[PDB]
Structures are given as C-alpha cells and as structure tokens.
Amino acid sequence: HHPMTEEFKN
Amino acid sequence: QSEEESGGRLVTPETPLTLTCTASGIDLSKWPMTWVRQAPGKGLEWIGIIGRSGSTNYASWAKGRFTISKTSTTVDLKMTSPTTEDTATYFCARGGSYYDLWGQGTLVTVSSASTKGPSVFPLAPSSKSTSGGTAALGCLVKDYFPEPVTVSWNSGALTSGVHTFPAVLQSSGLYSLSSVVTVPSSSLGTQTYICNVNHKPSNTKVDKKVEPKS
Amino acid sequence: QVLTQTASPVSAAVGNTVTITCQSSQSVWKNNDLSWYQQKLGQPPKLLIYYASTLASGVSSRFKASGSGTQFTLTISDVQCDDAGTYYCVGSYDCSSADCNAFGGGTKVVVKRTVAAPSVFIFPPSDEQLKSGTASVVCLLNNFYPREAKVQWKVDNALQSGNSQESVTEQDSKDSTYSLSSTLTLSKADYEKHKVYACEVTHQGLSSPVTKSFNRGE
C-alpha cells in the first residue's frame with residue numbers, strides 16, 4: 001500500500 | 001478554495017442518508033479530507049478521513065455506520081443505520097493532520113416526528129415603555145420542526161442591536177425561538193421593521209412587519 | 001483517544017492573558033501533530049495553530065502555543081472582546097494502531113467586564129396567536145453581565161412554575177454582554193382567565209428586583 005503519512009497526514 | 005456541505009435533512013431512524021461536500025478550487029487528489037460533527041450545544045467529534053489516494057479510516061465509535069467516498073469535485077458521507085444520537089451539524093474539512101478549510105455545515109435530524117412549519121408572531125414595541133431611550137421589538141417563531149430556521153431583519157440591512165436567541169425544544173417536541181432588536185424609540189413612528197423568517201424544511205417563508213399596537 | 005482540556009470557563013479581562021491546556025491520553029504523531037481551533041456559535045471552527053506551535057496564516061500573533069508528546073498549551077495574550085468563544089485541540093495519531101484523529105472537549109473563554117444590569121422588556125401575546133389557542137408572554141433581559149440571572153413569572157401575583165423556558169445568547173463579541181429571553185406559555189383558556197402578567201428580574205447589577213408588567217388587553 002501507500003505510507004500512512006502520504007495518505008492521511010499533511 | 002472553498003467547501004460547501006449539503007444533504008442534511010430529517011430522516012427516521014435506520015433510514016440511510018448521504019451528505020455531500022462540494023469542493024471549489026481544490027484538487028481533491030492532493031488533500032486528505034475529513035468529516036466532523038457537532039451535536040447541538042456539544043463539542044466537535046471526528047468521524048473519519050479519506051486519504052489522498054482514496055483509502056479511508058473511521059472513528060472507533062462509528063462501528064462501520066459511516067462511509068466516506070470522493071469524486072474529483074465532491075466528498076460524500078453515507079450514514080447507514082442512523083439513530084437519534086446522530087442528530088448534529090456535520091462539517092467537511094480539508095486536511096488530515098489539521099484542518100485549514102471548513103464548510104458551513106449541514107444539519108441532520110434523526111427523529112420519528114413530522115415536519116412542521118412555524119407560525120410567526122410579533123413582539124410589538126411597547127407604546128409606552130422604554131429602558132434607556134431604547135425600545136425593543138421582535139418576532140416569535142413558534143412550533144417548528146426540524147431545525148433550522150433563519151431570521152434576518154429588513155433583508156439583512158438591520159444587524160446592529162439584533163439578538164436571535166437559540167431555539168428551545170418545547171415539551172411538544174417542536175422548536176420555538178425569538179429574535180429581538182433594540183432600536184431608538186424615536187424611530188418607531190417612521191422606520192419599518194420586518195423580520196424575514198425562513199424554515200426551508202417546510203418551505204415556509206414569512207416576512208412579518210412588526211409595529212406598535214393601537 | 002481522549003484529549004482532556006482545561007475545564008470551562010477560562011476568564012480574562014481585556015488586555016490580560018489566558019492559557020488553555022490539552023492533555024492527550026497517548027502521545028501524538030511524531031510528538032507534535034497537534035492543532036488548535038477557535039469556534040463561535042453557528043460558525044465552523046477556525047484554525048489557529050498547527051504542529052503544536054506554528055501560527056496559522058492570518059491569525060493574530062496574540063496566539064501562541066507549545067508542547068510535545070502528550071502535553072500542550074495555547075496562550076492568548078492581550079485578550080480582546082472577540083476572543084470570547086470555544087477553543088479545541090485536535091490530536092493526530094498513528095492510523096495503524098489508533099484512530100487517526102480526535103478532538104479535545106473544548107474550553108470556553110469568557111471575557112471579563114464591568115457588571116451591567118439587564119434592560120427589561122415584557123411583550124404580551126399577539127391577537128393572531130391567541131386565535132390559535134395558545135398564549136406566549138415574552139420577557140427580554142438585554143445586554144447584561146455576568147450571565148447569572150433570575151426570571152420569575154407572576155400571573156395575578158401567583159408565582160408560575162414549570163411553564164416557562166429560557167434561552168441565552170452567546171457572549172457578545174463587541175461588548176461582552178449576554179441577553180436572555182424567557183417565554184411563559186399558557187393555554188389561551190388560562191390566559192383569558194387573568195389580568196396582571198409580570199416578569200420579575202433578579203441580577204447582580206440591580207440593587208433590588210425589577211418588575212415589568214402589563215394588564216391583559218390594555
């Protein structure tokens with residue numbers, strides 16, 4: 001999948 | 001660079017409901033987007049998030065009852081088994097870590113009660129009573145359901161001295177609220193005061209002229 | 001996650017300083033993914049601070065904040081009337097082992113000012129309403145401080161109980177006062193049975209209670 005930070009954090 | 005929610009309305013419990021957050025001037029592939037809610041008089045509550053590429057996460061308390069999805073111009077919140085405890089204003093916001101842009105919110109009411117439009121009654125300025133060179137007048141917006149109603153004075157031109165009170169839930173289950181304005185007593189003869197009341201849930205629109213009693 | 005904020009209200013005079021604390025039940029993402037918001041009734045929240053100490057664009061430098069891990073504080077210096085409102089912290093967490101985000105419970109800021117007695121008005125029910133079988137009598141207490149106030153309703157000198165409801169505005173963003181409306185709801189049947197309708201107001205700014213009254217039909 002995608003790193004959690006690139007998906008959900010800004 | 002703006003958000004606007006829509007779709008809030010009265011539904012019976014267990015009836016599914018979809019809210020829409022319409023984005024303007026935002027590329028939704030570049031931002032996590034978030035839904036938050038606030039029950040009347042209570043605090044803000046995080047519901048969930050859709051990430052940049054479309055993955056989703058939700059609050060533990062939601063128990064799968066909320067689904068967020070998005071298009072290139074909208075973010076939806078679908079609520080599947082609503083209960084009365086889901087009555088709230090729902091906000092969409094831009095951001096995943098923190099929220100820099102917000103919509104104005106859309107109001108969801110979960111109840112078995114029926115829609116009812118208000119009656120609008122004058123609170124007539126006293127013919128012989130002042131409390132400081134100032135008179136008071138207003139409108140009473142009585143027996144409506146669901147929330148909300150909006151009140152303006154003279155189509156929004158009169159704002160100074162206006163107090164529109166929070167709605168109270170009556171024992172009947174219907175709402176009432178008063179909107180008042182303080183004005184110079186000397187103006188009562190010459191100035192026209194009209195309260196503009198709108199209850200969109202019942203398509204009720206009333207412009208009521210308030211004047212001293214004979 | 002639970003973020004516990006300072007109990008409401010935090011109070012300060014204009015030009016003074018307040019602080020609001022936010023404790024997270026677990027450490028936030030990277031120890032500093034914590035933001036602060038101001039909200040006024042009827043409006044969406046406004047971002048003040050992000051990453052625990054970074055001032056948001058266009059926000060007054062009167063707002064500053066700091067903290068790390070589980071412990072955070074927001075400081076409002078040189079308090080102004082329009083700081084009245086509710087302030088929230090938002091924690092951001094590791095989505096893989098927790099909820100991604102959570103809100104603190106909110107802390108209300110009350111701007112102190114001089115005591116101000118209410119101006120009192122009483123409004124009889126309109127004839128239009130009386131046609132409907134109900135009578136609403138309204139008592140308005142305008143622009144007072146502090147919020148605490150007492151409204152008693154009397155009908156031909158008989159104290160009323162259980163048939164009035166009241167509502168209070170948010171602290172005013174320009175003069176820091178409150179206003180209150182009390183509505184006495186009677187059946188038309190009961191209303192037409194009595195003469196004198198009176199609102200009696202007790203407030204710290206009044207040396208003795210103020211009564212406003214009318215006689216039905218006059």
Side-chain angles (χ1 to χ4, degrees), chain B residues 120-141 151-154 157-165 177-195 208-212, chain C residues 113-129 135-147 149-155 157 164 166-169 172 174-184 195-217:
Chain B
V120 186
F121 305 120
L123 298 166
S126 174
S127 315
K128 294 178 179 179
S129 323
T130 75
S131 272
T134 288
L137 60 96
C139 283
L140 172 63
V141 185
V151 187
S152 66
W153 285 91
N154 295 343
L158 178 53
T159 59
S160 79
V162 171
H163 294 303
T164 297
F165 292 93
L177 73 66
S178 270
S179 182
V180 302
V181 59
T182 55
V183 301
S185 296
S186 61
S187 89
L188 289 180
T190 80
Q191 177 63 65
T192 284
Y193 296 106
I194 296 163
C195 72
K208 177 62 145 253
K209 190 194 201 216
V210 180
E211 40 179 55
Chain C
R113 62 163 280 159
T114 58
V115 172
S119 292
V120 187
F121 307 84
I122 191 173
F123 297 102
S126 62
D127 294 332
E128 305 100 283
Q129 182 184 18
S136 297
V137 196
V138 178
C139 188
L140 170 62
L141 281 63
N142 212 43
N143 297 357
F144 58 94
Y145 185 89
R147 193 169 172 290
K150 190 28 180 146
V151 176
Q152 291 222 126
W153 282 102
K154 287 153 193 203
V155 177
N157 206 206
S164 62
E166 85 193 11
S167 162
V168 185
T169 53
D172 189 77
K174 302 183 244 223
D175 65 25
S176 303
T177 63
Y178 302 89
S179 298
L180 178 162
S181 70
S182 180
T183 307
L184 174 74
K195 188 198 212 322
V196 179
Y197 288 86
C199 178
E200 181 200 84
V201 175
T202 309
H203 186 263
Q204 177 184 339
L206 302 169
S207 46
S208 51
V210 165
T211 305
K212 300 301 175 90
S213 66
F214 62 92
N215 298 322
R216 174 174 56 79

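Throughout, protein chains are lettered first and strands after them, A, B, ... in sequence-line order, and every chain is numbered starting at 1.
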Q: Step by step, would you call B:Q191 with B:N154 a side chain to side chain contact (heavy atoms under 4.5 Å, CB included)?
A: CA-CA 11 Å; B:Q191 177 63 65; B:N154 295 343; 4.1 Å; yes

Q: Minimum heavy-atom separation for B:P125 and B:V210, please, with both atom names.
A: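 So the two residues come closest at CD-CG1, 3.9 Å.
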
Q: Of all the heavy-atom pairs spanning C:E128 and B:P122, show the shortest one and how long it is.
A: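 Minimum heavy-atom separation between C:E128 and B:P122: OE2-CD, 3.4 Å.
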
Q: Answer yes or no: is there a donor N or O on one side and an acceptor on the other, between the side chain of B:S131 and the main chain of C:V120, under 3.5 Å?
A: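 Between the backbone of C:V120 and the side chain of B:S131 there is a qualifying donor-acceptor contact (under 3.5 Å).
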
Q: What pairs with C:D172 under side-chain hydrogen bond (donor to acceptor under 3.5 Å, both in side chains), at least two apart in sequence or on another chain?
A: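 Testing C:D172 for side-chain hydrogen bond (donor to acceptor under 3.5 Å, both in side chains), a comparison that skips the adjacent residues, returns none.
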
Q: What distance separates C:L141 CG from C:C199 SG, expressed to the nearest 0.5 Å?
A: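 If we round to the nearest 0.5 Å, C:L141:CG and C:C199:SG are 6.0 Å apart.
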
Q: Could you give all pairs that pass the salt bridge (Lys or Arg N to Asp or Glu O under 4.0 Å) test and reach residues 113-123 of chain C, with sequence neighbours left out?
A: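 The answer is none; no pair qualifies.
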
Q: Keeping the roles fixed (side chain from C:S179, backbone from C:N143), state whether a donor-acceptor pair exists under 3.5 Å.
A: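 Between the backbone of C:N143 and the side chain of C:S179 there is a qualifying donor-acceptor contact (under 3.5 Å).
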
Q: What residues form a side-chain hydrogen bond (donor to acceptor under 3.5 Å, both in side chains) with B:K208, not counting sequence neighbours?
A: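 Partners of B:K208 under the side-chain hydrogen bond (donor to acceptor under 3.5 Å, both in side chains) test: none.
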
Q: For B:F121, does its backbone N or O pair with a side-chain atom of C:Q129 as donor and acceptor, under 3.5 Å?
A: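 Flag not set: sc C:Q129 to bb B:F121 has no pair under 3.5 Å.
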
Q: Go through C:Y197 and C:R216 one step at a time and tell me if the side chain to side chain contact (heavy atoms under 4.5 Å, CB included) criterion holds.
A: CA-CA 7 Å; C:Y197 288 86; C:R216 174 174 56 79; 4.3 Å; yes

Q: Search all heavy atoms of B:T164 against all heavy atoms of B:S179 and return the closest pair with its distance.
A: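 The pair with the smallest heavy-atom distance is OG1-OG, 2.7 Å.
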
Q: Looking at side-chain heavy atoms only, is the closest gap between C:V155 and C:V137 below 4.5 Å?
A: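 No. Closest side-chain heavy atoms not under 4.5 Å.
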
Q: Will you find, in the side chains of B:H163 and C:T169, an N or O donor that is under 3.5 Å from an N or O acceptor?
A: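 The answer is no; no qualifying pair exists.
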
Q: Out of curiosity, C:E166 CD to B:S178 OG, how far, rounded to the nearest 0.5 Å?
A: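 With rounding to 0.5 Å, CD (C:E166) is 13.0 Å from OG (B:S178).
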
Q: Please tabulate, one pair per line, all N/O donor-acceptor pairs under 3.5 Å involving side-chain atoms of residues 182-189 of chain B, not counting sequence neighbours.
A:
residue, atom, partner, partner atom, Å
B:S185, OG, B:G133, O, 3.4
B:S185, OG, B:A135, N, 3.3
B:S187, OG, B:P184, O, 2.9
B:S187, OG, B:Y193, OH, 2.7

Q: Only counting residues at least two apart or in another chain, list the ones meeting side-chain hydrogen bond (donor to acceptor under 3.5 Å, both in side chains) with C:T177.
A: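 Listed in chain order: C:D175.
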
Q: For B:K209, check salt bridge (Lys or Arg N to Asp or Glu O under 4.0 Å) against everything at least two apart and list the hits.
A: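 Partners of B:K209 under the salt bridge (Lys or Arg N to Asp or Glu O under 4.0 Å) test: B:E211.
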
Q: Could you measure the distance from the NZ atom of C:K195 to the OG atom of C:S213? Nearest 0.5 Å is fine.
A: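 Taking NZ in C:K195 and OG in C:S213, the distance rounds to 10.0 Å.
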
Q: State, to 0.1 Å, how close C:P146 and C:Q204 come at their nearest heavy-atom pair, and which atoms those are.
A: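 Residues C:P146 and C:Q204, closest heavy atoms: CG-OE1, 3.4 Å.
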
Q: Could you walk me through whether B:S126 and C:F214 pass the side chain to side chain contact (heavy atoms under 4.5 Å, CB included) test, one step at a time?
A: CA-CA 10 Å; B:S126 174; C:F214 62 92; over 6 Å; no

Q: Any idea which heavy atoms bring C:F123 and B:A136 closest together, and the distance?
A: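 Minimum heavy-atom separation between C:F123 and B:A136: CE2-O, 3.4 Å.
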
Q: Testing the basics here: between C:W153 and C:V138, what is the closest heavy-atom pair and its distance to 0.1 Å?
A: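 Closest approach of C:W153 to C:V138, heavy atoms only: CH2-C, 3.9 Å.
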
Q: Please state whether the rings of C:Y145 and C:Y178 are parallel, tilted or perpendicular, taking 30° and 60° as the class boundaries.
A: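 Correct class here is parallel.
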
Q: For C:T211 and C:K154, run side-chain hydrogen bond (donor to acceptor under 3.5 Å, both in side chains): C-alpha distance rounded to whole Å, both residues' side-chain angles, the deciding distance at 0.1 Å, then the answer.
A: CA-CA 10 Å; C:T211 305; C:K154 287 153 193 203; over 6 Å; no

Q: How many angstroms lie between CG in B:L158 and OG1 in B:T192, if you round to the nearest 0.5 Å?
A: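 So the gap between those two atoms works out to 11.5 Å.
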
Q: So, taking the atom named OG in C:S167 and the one named CG in C:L180, what distance separates them when rounded to the nearest 0.5 Å?
A: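 It comes to 7.5 Å.
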
Q: What is the distance from atom CG of C:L140 to atom OG1 of C:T183, rounded to the nearest 0.5 Å?
A: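 It comes to 10.0 Å.
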
